[PDB]
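Reviewing the structure listed below.
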Amino acid sequence: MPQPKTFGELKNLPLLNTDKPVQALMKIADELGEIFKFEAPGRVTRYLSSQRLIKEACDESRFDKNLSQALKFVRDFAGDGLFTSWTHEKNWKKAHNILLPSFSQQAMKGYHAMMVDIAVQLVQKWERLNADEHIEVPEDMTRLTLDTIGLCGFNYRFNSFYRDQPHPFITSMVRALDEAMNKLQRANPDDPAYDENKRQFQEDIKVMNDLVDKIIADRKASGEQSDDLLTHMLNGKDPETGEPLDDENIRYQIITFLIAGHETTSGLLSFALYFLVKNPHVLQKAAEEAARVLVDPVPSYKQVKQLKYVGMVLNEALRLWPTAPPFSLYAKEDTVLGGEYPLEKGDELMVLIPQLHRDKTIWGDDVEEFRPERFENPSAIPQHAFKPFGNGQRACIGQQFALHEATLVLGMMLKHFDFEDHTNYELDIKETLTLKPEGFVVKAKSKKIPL
Ligand code: HEM
């Protein structure tokens, strides 16, 4: 099996000691091909980049979701929430059964108003900028997505558009996620050097737990019913076990929604706007749709569904730069991958999503080009060729939420403003848990359409 360059006893590990590991892995896939082994002291995995191999990896009878070391560290604060639990843990299937109906396309009808609440706040912020000011795109998109998940998730207002420094919960979450990431490179995690890191990590966990537990407590105490996920989780029963989610798991689910949803969704909106300003023909087409469809002061649920080309723009942005990181799988039993690669029970695979989305054998030779017209379309897309939301029963539960949010917001943005790439911005992709176009800025000239 092809394998990248080695660093003696550290094997391939220093290759991910970099600000941009996913992009580094994409460059390794370019020179090595559809499969490569990646080794670290005491660990091994296999990175998959072709639809040919990924299609097999997506066979749930042969492979199940694995928690990468990253997710294992994130579990220290995300607990046995949906994102960081194993399929075979009682709490996975229990929460999946309870939550699935609350995340359906139909359920988006109930979240729409609160999504509009935050989206209007974003539009108003931009309406209120002075002539010689610009927009920090990923920064504002993250304010939007955090507040939207906060409001829709547990009826809590982070009020991100009222501050420079985020709500302490947000600061703690971002810092806990960065520390979970830092542990990946620590050969001696018990070194005194990390004592402060550990102290801060426990502090950040407490900040998050305290806020969420308080909100849950407050809600049970009042008996208040809201249009949020928390109300669903307090009222829900798993048809299988007949059990409701306990308070601690509910807390983990709320933290999980924020971890899994905020940056992935923010990144999507940021990349979508990036591609639009770099492809003014596409922007014109999307803006025509936005103006024709969104005829009311605020968008209705029905109208968002009709933003078809905006949806296509978003899928094409997800094709080129899927914002969620490569996901991990393990072999359920001994099995041979692609007729060439025997695997043992427990062997791990990684699905290198951005590479899959550039499989010139699936998409044609023009994979690097931004063409929403690819998604006209749809479902002609070969099965397992487009996987920004993961796979099977362990796919993104929030997919309908993310797309409704992104379509609504992008539509409003295109209805309300003309955008200028005033710096001729050079794409620079920052990686945290997720990808974003770092330092992407634009100027927005209002079309002066009232809300
Ligand atoms: C463009 C935005 C998003 C993208 C690209 C994305 C991507 C993904 C991917 C790839 C997975 C599978 C991870 C794995 O196999 O380890 C996943 C799972 C998940 N996502 Fe999303 N996500 C997005 C938005 C959201 C939002 C907004 C929410 C919540 C409101 C959310 C909640 C979850 C949860 C709970 C899981 C675990 C589901 C389960 O395994 O039962 N995501 N997401």
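Here's how to read the names in the structure tokens: chain A, B, ... by the order shown, residue numbers from 1 in each chain, ligand numbers from 1 in the order shown.
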
Distance limit 7 Å, reference ligand 1, atoms considered: only C-alpha atoms and all ligand atoms. Which residues make the cut? Give them as a PyMOL selection string.
chain A and resi 65-67+82-83+92+96+149+256-258+260-262+264-265+268+322-325+327-328+388-391+393-399+401-403

Residue neighbourhood residue 211 of chain A, 8 Å, only C-alpha atoms, exclusion window fewer than 4 positions, as a PDB file with N, CA and C atoms, in the first residue's frame:
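Done, and the output landed in selection-v9.pdb:
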ATOM      1  N   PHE A 169     -19.721  30.957  27.034  1.00  0.00           N
ATOM      2  CA  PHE A 169     -19.951  29.585  26.592  1.00  0.00           C
ATOM      3  C   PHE A 169     -19.212  29.316  25.276  1.00  0.00           C
ATOM      4  N   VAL A 207     -17.878  25.518  32.413  1.00  0.00           N
ATOM      5  CA  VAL A 207     -18.616  26.646  31.852  1.00  0.00           C
ATOM      6  C   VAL A 207     -19.767  26.136  30.972  1.00  0.00           C
ATOM      7  N   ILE A 215     -30.082  25.862  32.087  1.00  0.00           N
ATOM      8  CA  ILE A 215     -31.184  26.049  31.140  1.00  0.00           C
ATOM      9  C   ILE A 215     -32.169  24.878  31.200  1.00  0.00           C
TER      10      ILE A 215
END

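Using only C-alpha atoms, the shortest contact distance between residue 281 of chain A and any of A:373, A:178, A:34, A:190 is found at A:373.
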
Based on DSSP run over this structure's backbone, return all residues of segment 118-193 of chain A in helix (DSSP H, G or I), as a ChimeraX atom specification.
/A:118-127,137-154,160-162,168-185,192-193

Which residues, written as number ranges by chain, have at least one atom at most 9 Å from residue 2 of chain A, with only C-alpha atoms counted and residues fewer than 4 positions away on the same chain left out?
A: 32-33, 35-37

Keeping only N, CA, C and O atoms, write the selected residues as a PDB file, in the first residue's frame.
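result38.pdb, freshly written:
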ATOM      1  N   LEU A  32      -0.189  10.128  -4.311  1.00  0.00           N
ATOM      2  CA  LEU A  32      -0.260   8.693  -3.984  1.00  0.00           C
ATOM      3  C   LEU A  32      -1.456   7.927  -4.556  1.00  0.00           C
ATOM      4  O   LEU A  32      -1.364   6.714  -4.752  1.00  0.00           O
ATOM      5  N   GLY A  33      -2.565   8.616  -4.818  1.00  0.00           N
ATOM      6  CA  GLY A  33      -3.731   7.975  -5.436  1.00  0.00           C
ATOM      7  C   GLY A  33      -4.910   7.696  -4.506  1.00  0.00           C
ATOM      8  O   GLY A  33      -5.043   8.325  -3.461  1.00  0.00           O
ATOM      9  N   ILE A  35      -5.775   5.374  -2.437  1.00  0.00           N
ATOM     10  CA  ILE A  35      -5.577   4.805  -1.099  1.00  0.00           C
ATOM     11  C   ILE A  35      -4.143   4.973  -0.610  1.00  0.00           C
ATOM     12  O   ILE A  35      -3.187   4.728  -1.349  1.00  0.00           O
ATOM     13  N   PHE A  36      -3.998   5.433   0.627  1.00  0.00           N
ATOM     14  CA  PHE A  36      -2.698   5.426   1.286  1.00  0.00           C
ATOM     15  C   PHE A  36      -2.792   5.116   2.770  1.00  0.00           C
ATOM     16  O   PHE A  36      -3.740   5.523   3.454  1.00  0.00           O
ATOM     17  N   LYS A  37      -1.795   4.382   3.248  1.00  0.00           N
ATOM     18  CA  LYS A  37      -1.657   4.085   4.656  1.00  0.00           C
ATOM     19  C   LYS A  37      -1.052   5.279   5.387  1.00  0.00           C
ATOM     20  O   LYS A  37      -0.151   5.950   4.874  1.00  0.00           O
TER      21      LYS A  37
END
